[PDB]
Each structure stands twice: as structure tokens, then as C-alpha cells.
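Protein sequences appear in the order of chains A and B.
Numbering (the UniProt record's numbering) for the first sequence: 449 to 564, 577 to 600, 606 to 838, 858 to 892.
Numbering (the UniProt record's numbering) for the second sequence: 449 to 564, 577 to 600, 606 to 838, 858 to 892.
Cβ atoms here follow ideal geometry from the backbone N, Cα and C, with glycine treated the same way.
Structure first, then comments.
Number of protein chains: 2
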Amino acid sequence: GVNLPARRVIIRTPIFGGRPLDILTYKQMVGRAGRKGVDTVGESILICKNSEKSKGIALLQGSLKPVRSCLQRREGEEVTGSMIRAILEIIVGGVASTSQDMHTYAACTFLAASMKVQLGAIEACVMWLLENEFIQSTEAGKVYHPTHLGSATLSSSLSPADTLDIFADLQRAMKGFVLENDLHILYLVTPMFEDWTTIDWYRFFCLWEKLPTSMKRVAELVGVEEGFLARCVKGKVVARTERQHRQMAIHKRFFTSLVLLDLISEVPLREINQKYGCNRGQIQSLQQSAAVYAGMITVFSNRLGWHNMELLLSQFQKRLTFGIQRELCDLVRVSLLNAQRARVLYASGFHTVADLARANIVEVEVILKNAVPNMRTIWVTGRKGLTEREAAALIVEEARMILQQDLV
Amino acid sequence: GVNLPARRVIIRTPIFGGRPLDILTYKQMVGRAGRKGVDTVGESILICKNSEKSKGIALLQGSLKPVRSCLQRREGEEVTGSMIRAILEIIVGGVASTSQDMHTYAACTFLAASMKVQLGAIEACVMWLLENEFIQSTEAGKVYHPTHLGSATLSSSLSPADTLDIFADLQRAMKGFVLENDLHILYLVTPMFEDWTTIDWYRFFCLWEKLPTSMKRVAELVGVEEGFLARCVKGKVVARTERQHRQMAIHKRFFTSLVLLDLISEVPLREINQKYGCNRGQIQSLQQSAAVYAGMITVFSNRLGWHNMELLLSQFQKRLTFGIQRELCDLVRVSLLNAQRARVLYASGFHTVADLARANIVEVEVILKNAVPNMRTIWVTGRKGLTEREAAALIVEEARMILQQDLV
Numbered sequence: 449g450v451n452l453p454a455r456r457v458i459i460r461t462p463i464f465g466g467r468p469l470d471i472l473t474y475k476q477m478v479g480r481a482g483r484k485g486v487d488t489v490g491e492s493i494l495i496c497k498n499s500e501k502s503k504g505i506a507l508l509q510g511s512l513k514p515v516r517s518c519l520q521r522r523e524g525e526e527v528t529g530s531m532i533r534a535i536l537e538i539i540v541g542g543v544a545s546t547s548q549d550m551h552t553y554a555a556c557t558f559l560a561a562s563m564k577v578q579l580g581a582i583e584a585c586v587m588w589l590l591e592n593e594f595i596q597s598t599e600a606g607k608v609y610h611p612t613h614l615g616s617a618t619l620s621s622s623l624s625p626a627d628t629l630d631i632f633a634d635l636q637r638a639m640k641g642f643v644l645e646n647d648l649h650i651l652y653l654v655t656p657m658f659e660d661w662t663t664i665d666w667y668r669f670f671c672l673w674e675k676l677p678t679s680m681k682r683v684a685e686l687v688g689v690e691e692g693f694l695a696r697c698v699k700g701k702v703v704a705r706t707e708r709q710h711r712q713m714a715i716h717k718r719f720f721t722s723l724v725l726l727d728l729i730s731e732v733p734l735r736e737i738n739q740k741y742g743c744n745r746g747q748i749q750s751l752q753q754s755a756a757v758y759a760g761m762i763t764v765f766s767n768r769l770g771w772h773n774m775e776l777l778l779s780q781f782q783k784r785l786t787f788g789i790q791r792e793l794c795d796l797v798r799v800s801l802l803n804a805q806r807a808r809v810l811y812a813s814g815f816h817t818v819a820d821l822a823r824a825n826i827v828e829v830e831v832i833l834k835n836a837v838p858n859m860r861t862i863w864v865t866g867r868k869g870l871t872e873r874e875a876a877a878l879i880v881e882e883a884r885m886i887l888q889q890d891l892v
Numbered sequence: 449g450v451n452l453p454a455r456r457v458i459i460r461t462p463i464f465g466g467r468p469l470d471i472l473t474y475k476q477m478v479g480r481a482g483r484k485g486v487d488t489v490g491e492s493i494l495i496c497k498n499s500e501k502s503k504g505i506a507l508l509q510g511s512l513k514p515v516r517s518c519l520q521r522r523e524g525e526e527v528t529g530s531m532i533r534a535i536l537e538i539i540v541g542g543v544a545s546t547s548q549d550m551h552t553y554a555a556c557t558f559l560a561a562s563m564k577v578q579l580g581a582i583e584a585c586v587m588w589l590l591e592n593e594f595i596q597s598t599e600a606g607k608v609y610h611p612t613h614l615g616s617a618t619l620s621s622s623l624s625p626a627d628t629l630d631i632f633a634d635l636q637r638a639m640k641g642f643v644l645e646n647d648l649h650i651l652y653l654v655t656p657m658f659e660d661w662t663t664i665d666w667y668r669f670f671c672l673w674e675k676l677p678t679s680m681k682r683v684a685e686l687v688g689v690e691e692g693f694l695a696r697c698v699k700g701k702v703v704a705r706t707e708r709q710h711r712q713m714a715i716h717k718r719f720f721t722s723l724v725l726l727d728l729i730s731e732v733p734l735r736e737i738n739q740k741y742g743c744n745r746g747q748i749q750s751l752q753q754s755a756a757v758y759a760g761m762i763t764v765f766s767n768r769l770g771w772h773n774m775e776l777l778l779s780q781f782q783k784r785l786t787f788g789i790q791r792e793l794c795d796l797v798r799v800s801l802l803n804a805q806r807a808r809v810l811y812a813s814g815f816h817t818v819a820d821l822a823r824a825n826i827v828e829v830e831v832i833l834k835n836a837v838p858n859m860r861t862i863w864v865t866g867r868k869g870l871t872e873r874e875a876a877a878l879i880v881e882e883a884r885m886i887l888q889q890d891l892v
């Protein structure tokens with residue numbers, strides 16, 4: 449993640465996560481030994497048990513694997529999502545219009561450069589995009610053009626195998642959308658689960674009893690079922706079939722949307738932790754991936770022309786990223802303001818960036834000095869810590885500059 | 449309406465609409481005789497049959513009735529909508545806090561000045589509000610405060626008696642809103658019928674067959690009934706009871722929303738006339754009253770805090786006023802552009818007002834000169869007719885001024 453120099457790098461065991469340590473990770477770990485321009489030498493100690501020792505020596509003497517890219521379809525695969533995405537991007541973008549061009553493109557891949577089957581993989585990917593009509597075939606050979614369902618995947622950056630599920634889910638929402646709360650909007654922008662946390666199903670079912678009626682109404686629409694939650698409480702649930710994989714994913718996705726609903730209502734991370742069991746960094750790493758996904762789904766609906774969906778969803782990318790009520794969404798345009806600092810300026814009465822740009826800097830200082838509880861009390865992710873006087877002056881001047889940029 | 453002077457005002461019959469002419473109307477008619485500074489005398493001829501001569505004399509010699517206002521509750525009335533609004537509008541505004549103030553306010557009323577029963581009429585209106593939680597009561606006498614439902618009825622200028630149906634309809638929509646098209650929104654912003662036209666029920670039922678499935682899914686939600694339309698086709702239908710009055714109103718309101726949906730999608734008035742039977746001026750007078758009502762429902766939902774409703778509804782006031790697609794809503798900010806002129810500039814490629822301010826005036830001239838089909861070809865409601873060269877120059881300079889005003 450970050451370059452930190454250290455003199456002594458200790459690795460407590462050659463085994464990580466129940467696996468032997470990856471040589472790439474080990475060389476990244478050990479490569480941080482030695483404080484540049486301060487140490488005479490760097491030191492690393494792999495602490496190793498007598499039973500581990502053969503693995504430990506393998507880490508010291510081993511060297512990185514050659515690169516081999518995902519465009520190789522494995523045994524029993526006729527297509528790969530990276531290749532499908534590749535063929536989509538060139539057809540829908542229009543830079544490869546014909547099968548003669550698609551072979552000419554594929555010869556530029558690192559797969560071709562590594563081989564220097578692929579001519580079959582191209583055709584199999586074309587066939588998948590065609591049968592679902594991400595692309596359409598016209599007679600010249607064949608000339609392939611996108612549909613609206615194709616062009617939307619390229620603009621959204623959504624994976625097209627997921628796009629069939631996203632597309633049908635959004636249509637089924639529009640057939641009957643619960644505007645009564647933001648939970649139905651949230652559910653559609655929740656990511657696929659990807660094990661962002663270990664769900665405590667006995668907590669989740671005991672929340673489901675308390676869950677507001679207008680949120681259980683969403684749950685029945687999206688497909689949650691309280692008998693299956695009780696079956697998760699009763700014991701281990703396993704999915705053998707793609708039907709069962711989809712059935713289970715809905716409940717994990719709904720639990721995620723409840724965490725986000727607390728997150729976009731400024732519920733403190735300590736209270737979310739106590740209520741759902743999540744760690745702070747799990748909630749924040751969920752928050753980033755949901756905010757990214759909320760962007761994709763907006764552009765996807767806009768390209769299709771679901772104008773009433775893009776109105777609702779567009780607010781949520783910013784609103785998820787900071788995790789704020791609807792009113793703070795203006796203030797946060799000042800990058801010095803997080804949800805905490807925006808709420809204290811909003812609480813005082815600086816409801817909008819234009820009013821904040823008018824503000825007397827001494828008043829912003831006194832608001833921050835009082836509301837937050858020298859010594860660089862405030863942290864700004866692009867800076868070292870700031871004093872109240874310095875942060876307030878930079879806030880006002882940044883708000884004015886935003887007006888200057890917005891008017892220009 | 450607009451003052452037109454004429455030398456002879458001829459009135460073809462003393463009977464209008466099957467009724468004797470109103471003396472206020474007759475004196476408004478005859479008062480237009482005589483072209484100021486041109487005629488020596490004005491003339492009016494009431495043409496009258498031998499059977500009507502007694503009515504003719506009654507109009508000719510009659511004089512206007514004394515004015516008498518609606519705050520007099522009739523026999524069998526506990527309260528009047530005007531008095532309920534009056535008593536609300538002072539309580540929710542805080543200008544009359546207690547019953548001592550409400551009797552003091554009533555003494556300022558033209559009702560009191562005309563009488564110079578009402579002290580009971582105030583209490584009956586207070587009681588109707590209180591029981592519905594438009595307002596709430598506290599121990600001092607009593608001190609009355611508005612609820613959110615009362616403050617919404619004030620701010621939106623809606624009537625209090627209709628608000629209970631608007632409120633419960635909007636709630637029932639939010640329990641399950643069809644975003645699949647703009648019709649479910651249009652059903653909520655369309656006014657009550659008020660005899661804006663006479664429905665051709667055999668025509669309407671033949672449309673109800675063709676009606677798109679996503680527009681019949683709305684219809685089942687709002688409460689339209691395929692059997693009741695057939696019952697209107699079968700023969701005359703009447704309502705003896707309020708439960709029957711609203712049942713008929715739902716179908717009249719749905720028919721109105723279909724006319725608006727065609728208008729909202731720029732279907733020409735001649736094609737709407739052929740399709741629905743409306744006159745041009747019936748659509749345009751519906752259009753203006755639907756654009757007023759769309760504003761009220763936005764403010765009502767905003768005050769209650771139905772933020773997801775106010776997002777959807779707010780666009781429709783401008784769309785209804787002009788009868789435009791979503792993309793023209795920016796261009797239309799130029800008051801010289803109607804839906805027709807906005808469509809020809811949007812077709813040429815001036816999608817947004819900033820590009821219209823950049824446009825070369827000679828290019829806008831050539832676009833108007835070509836796209837519309858000297859002699860003041862173009863009509864501007866605030867002006868006499870304009871030449872292509874003059875209208876185009878005024879459009880570009882108005883677009884620039886709109887930027888100057890928006891930046892300032």
C-alpha cells in the first residue's frame with residue numbers, strides 16, 4: 449500500500465492466512481528494509497519454526513513467477529470475461545468493425561506476444589455478445610454493431626456477464642419502485658458481496674424483526690425471505706446450484722444495503738459496528754466500492770434512457786462517498802470538509818458553499834474550535869494536520885475558488 | 449379579457465348558455481362600444497325576439513347585484529372552504545395564535561364589515589383542522610400550532626379539504642411507484658377534471674385496449690377499471706354517493722393524464738385533437754392548469770420531506786407549461802423560444818443555452834428561415869410579429885443575458 453522505510457523488517461511466520469507466503473509479497477516486505485540515506489545496511493529476519501524451515505528457505509531463495517495473463521481460456525472454458533470485455537470494447541467503440549479486424553486486434557495482445577485457439581476464442585466471444593445483442597450482426606463477411614444494451618456496458622464499465630443481471634434487476638425495480646425510503650435505491654447500487662465482512666446471521670434476523678415496515682416492503686420486492694434467514698440462523702447453508710447462489714446473494718446484498726442506509730444517514734461508525742458487527746475499515750472499504758458502483762449504475766441507466774432512474778441514483782455517488790445527508794452534498798464540494806466538518810458548519814448555519822465563501826474566517830475558526838471537541861487538531865488527508873486558524877482560512881478561500889471555477 | 453373597442457356591440461340573443469345573460473357580463477359587453485377618440489358615440493344593439501323582450505328590458509335597465517362574499521356559511525353548512533383556509537392561513541403563519549386573536553381577525557373581515577354566528581363559524585373551522593392534525597392544540606384557553614401537514618397545505622397553496630386526498634394519494638404512490646414511464650407522475654400532477662372537456666367514452670375505451678402495458682400497470686395502481694369504462698360505454702353513468710363520485714373522477718383524471726402524456730411528448734395539437742377529441746384551447750387551458758398544479762404538489766412534497774417525490778415532480782412544471790421533452794427544458798429558458806422554436810434549434814445542434822449564446826446570429830437566422838416552413861413571420865406573445873433577422877438577434881442576446889444573470 450505505502451512506502452515505509454524501516455531498518456529491521458521482521459516477518460513473524462513464513463505462513464500467512466494458512467498459506468505459504470507469496471514471493472511477490474515477501475520481496476515487497478523485505479524490500480522495505482533499510483532507511484534510505486540513514487542506514488548503512490538494511491536487515492530482515494524471517495522468524496521461522498523448525499517445521500517451517502523448508503518453506504522459509506524457499507522464500508529467501510525463490511524468485512517471482514513469470515507473468516501469464518488472464519486471456520488464456522482454461523480447460524472447460526470457451527470464453528473468458530477479460531476477452532469478452534476486450535471484444536466488446538473494440539466493437540462498441542468501433543475501432544474493430546469486422547472479424548478481419550478482430551483477429552488483427554488480438555494479434556496485438558500480450559497473449560499473442562506470449563504465444564509468439578485464440579482465433580476460436582475471438583469467435584466464441586463474438587457469439588456470446590451477439591446472442592444477447594450487446595452487438596448486432598449485419599451482412600457485408607459480417608459487420609457487427611452495438612445495441613443500446615451494448616453501448617451501455619461500454620460507457621458504464623460494467624462487466625457484461627453481470628450486465629444481464631443488472632439490466633433485468635433495474636427493469637424489475639421500475640415495474641414497482643418503493644420511493645417511501647432510500648433503501649430500494651440503495652439496494653440497486655450495492656455491490657456484489659465479495660466477502661467484505663463475515664455476516665452474523667443471528668444479528669441479521671433479529672434486526673429483520675425490528676426492520677421498519679417500509680424497509681421490509683422493499684425486502685419483499687428485492688427477494689428477501691424470512692424463512693431463509695431463519696434457515697441461515699438454524700445452521701450452515703450451502704449453495705450447490707446457480708439458482709441457490711442467486712438466492713443466497715440477495716440476502717447478503719440486502720444486509721449490505723442496511724449498513725449503507727445507516728452510513729448515508731450519518732450513523733457513527735462505532736454504532737454501526739455495535740449494530741452490525743462490521744469493522745470500521747470494512748464499512749469504509751464497502752463505502753468506496755458502493756460509491757464506485759453507484760456511478761456505474763447511473764451512467765448505465767442514462768445510456769439506456771431510464772431518465773427517472775438516473776435522477777434518483779445520481780445523488781448517491783457523492784452521498785455514498787462521503788456518507789452524508791442530502792443537505793451536506795453541497796458543502797462537501799469543499800474538499801477540506803468531511804461529513805463531520807460539514808455537519809458542524811451546516812449546524813451553525815452555513816448551509817451552502819456560497820454562504821460559506823462569505824463567512825468571516827474568525828467565525829469558521831470559532832465554530833470548528835467549539836464544535837470539534858494548536859496541536860494540529862484537524863487532519864486533512866491531502867496534508868499534515870492543520871490548526872483551526874489555518875484550516876478555516878483554507879476552507880473560506882477554497883469555497884471562494886469553487887465559485888470562481890463554477891462561474892468560469 | 450383583453451380590451452377591444454368596437455363601434456357597434458351586437459348581442460345576438462338575451463339568452464346565453466340557456467340562461468339569461470348576467471348583467472355584469474352584459475355591461476362588460478356593452479361597455480366596449482365606442483372607439484375612444486375615433487367614434488362620436490358608441491352603439492350597442494341587443495337583438496331580441498318578440499318572446500324575449502321582457503328579458504331584453506331587464507338586461508337593458510337592470511343594475512348589478514351588491515357583492516356578498518363566500519365566508520357566509522349557508523344553511524346546512526358548518527364551515528366553508530374559504531373560512532377554513534382563512535383560519536388555517538393565520539394559524540399556520542402564526543399571526544393569530546389563540547382564539548382571542550381569531551375573533552379579532554374575523555372582525556377585520558368583509559363578512560364582519562357587511563354584518564356590521578361568525579364566532580361559531582370560527583370555532584367550527586378550528587375544530588375541523590384540529591381533528592385532522594393540520595394544527596395542534598396546547599394548554600395556555607388554548608394555543609394552536611400547525612403540524613407539518615398544516616405547514617405543507619399553507620406553503621403549497623393547496624386547499625385543506627383536498628390535501629387529505631393529495632396526501633393519501635401521494636403516500637399510496639410511494640408504496641409502489643412505476644418509474645417505467647412518466648404516466649404515474651402525470652397522474653399525480655394532473656388536476657381534477659372540472660369539465661375541461663367532454664369525454665367520448667367509446668373513444669377512450671378503444672384507446673384502453675391499445676394502451677401500453679407499462680401504462681396499464683399504472684392504471685391498475687391508480688385504480689382505473691376496465692369494467693367501469695365498459696359501463697361508461699354501455700350508457701349513462703351517475704354518482705349518488707361520494708364513493709361513486711371519486712370512482713368516476715379516477716377515470717376522468719386518467720384520461721386527462723393520457724392527454725398530458727401526449728402533450729408532454731410534443732404530439733401535435735391536431736393529432737391530439739383527432740386522437741382524443743379535445744379542442745386546441747381545451748388542451749392549452751388544461752395545460753396551464755396542470756402546470757400550476759404540478760408546482761403545488763412539488764412544494765407540498767418538499768415541505769413534508771418526500772425528497773424522492775420532489776425530484777421527479779419538479780421537472781414536470783416546466784415540461785407541462787411548454788409541452789416539451791426533457792432536453793428542451795434548458796433552451797426554453799429563453800422566453801423567445803416556444804416548443805416549436807426550441808425543437809428546431811435543438812435539431813440544428815444548439816442543445817444548450819450557452820451554445821445558443823455563442824451562436825452566430827446569421828446561423829440562427831438561416832435555421833429559423835429554413836425550419837419554420858419579412859412579413860413578420862414569427863409571433864412572440866410579448867411583442868408584435870418579428871422578422872427572422874430580428875427574432876434571431878434577440879434570441880442570442882437574451883441567451884447571453886441569461887448567462888449574465890445566472891452568473892450574477
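- Per the C-alpha coordinates, the member of B:526, B:600, B:546, B:558 positioned closest to residue 577 (chain B) is B:526.
- One thing to note: residue 768 (chain B) has its Cβ within 8 Å of the Cβ of residue 617 (chain B).
- Secondary structure in the stretch 734-785 of chain A: the alpha helix (DSSP H) runs of 4 residues or longer, each lying completely within the stretch, are 734-741, 745-769 in chain order.
- Residue 599 (chain B) carries a strand assignment under DSSP once its states are collapsed to helix, strand and coil.
- Under the criterion of beta carbons closer than 8 Å, residue 797 (chain B) and residue 783 (chain B) qualify as touching, at roughly 7 Å.
- With fewer than 16 neighbouring CB atoms inside 10 Å of its own CB, residue 512 (chain B) falls in the exposed class.
- Taking each of A:632, A:520, A:518, A:492 in turn and checking the Cα distance to residue 507 (chain A), the smallest one comes out for A:492.
- Looking at the DSSP output, residue 642 (chain B) sits in a beta bridge with A:642.
- Less than 8 Å divides the Cβ of residue 694 (chain A) from the Cβ of residue 673 (chain A).
- In the three-state reduction of the DSSP assignment, residue 467 (chain B) falls in the strand class.
- Rounded to whole angstroms, the gap between the alpha carbons of residue 827 (chain A) and residue 756 (chain A) is 35 Å.
- Residue 493 (chain B): member of the beta strand (DSSP E) spanning 491-494, first to last residue.
- A residue is called buried once 16 or more other Cβ atoms fall within 10 Å of its Cβ, and residue 716 (chain A) is buried on that count.
- Setting aside the 5 residues that flank it on each side, residue 680 (chain A) is surrounded in the same chain by 646, 648, each with a C-beta closer than 7 Å to its C-beta; the list follows chain order.
- Here the C-alpha atom of residue 466 (chain A) lies approximately 52 Å from the C-alpha atom of residue 881 (chain A).
- Rounded to whole angstroms, the separation of the alpha carbons of residue 607 (chain B) and residue 582 (chain B) is 14 Å.
- Taking every protein chain shown into account, the CB of residue 729 (chain B) has 16 or more other CB atoms within 10 angstroms, so this residue is buried.
- Under the DSSP definition of a beta bridge, residue 514 (chain B) lacks any partner.
- Within chain A, no residue has its beta carbon less than 9 Å from that of residue 765 (chain B); the closest one is some 15 Å off.
- For the pair of segments examined, the stretch 489-503 of chain B was found to touch the stretch 455-475 of chain B: the number of CB pairs separated by less than 8 Å reaches three.
- With contacts defined by Cβ atoms closer than 8 Å, residue 650 (chain B) and residue 765 (chain B) do not form a contacting pair.
- According to DSSP, residue pairing for residue 546 (chain B) in a beta bridge involves B:608.
- By the criterion of a C-beta distance shorter than 7 Å, residue 584 (chain A) is surrounded in its chain by 526, 527, once the five residues flanking it on both sides are discounted.
- Exclusion of the five residues before and after residue 688 (chain A) leaves 715 as the residues of its chain whose Cβ lies within less than 6 Å of its Cβ.
- Bridge partners of residue 456 (chain B) according to DSSP: B:491.
- For residue 803 (chain A), no CB of chain B lies under 8 Å from its own CB, so it is not counted at the interface with that chain.
- Under DSSP, residue 870 (chain B) shares a beta bridge with B:862.
- Under a 10 Å Cβ-count criterion, residue 625 (chain B) is classified as buried, with 16 or more other Cβ atoms of the shown protein chains found around its own Cβ.
- For residue 816 (chain B), there is no enclosing alpha helix (DSSP H), as DSSP gives it neither H nor E.
- The stretch 741-753 of chain B and the stretch 721-728 of chain B touch, with three or more beta-carbon pairs separated by less than 8 Å.
- If you check the CB distance, residue 698 (chain B) and residue 667 (chain B) come in under 8 Å.
- Leaving aside the five residues that flank residue 521 (chain A) on each side, the residues in its chain whose CB is nearer than 6 Å to its CB run, in chain order, 528, 581.
- According to the DSSP assignment, residue 691 (chain B) belongs to the alpha helix (DSSP H) that extends over 691-699.
- Not one beta carbon of chain B lies nearer than 8 Å to the beta carbon of residue 825 (chain A).
- Per the Cβ contact rule, the stretch 738-745 of chain B is not in contact with the stretch 730-745 of chain A (fewer than 3 Cβ pairs under 8 Å).
- Around the beta carbon of residue 863 (chain A), a 10 Å sphere encloses fewer than 16 other beta carbons of the protein chains shown; the residue is thus reported as exposed.
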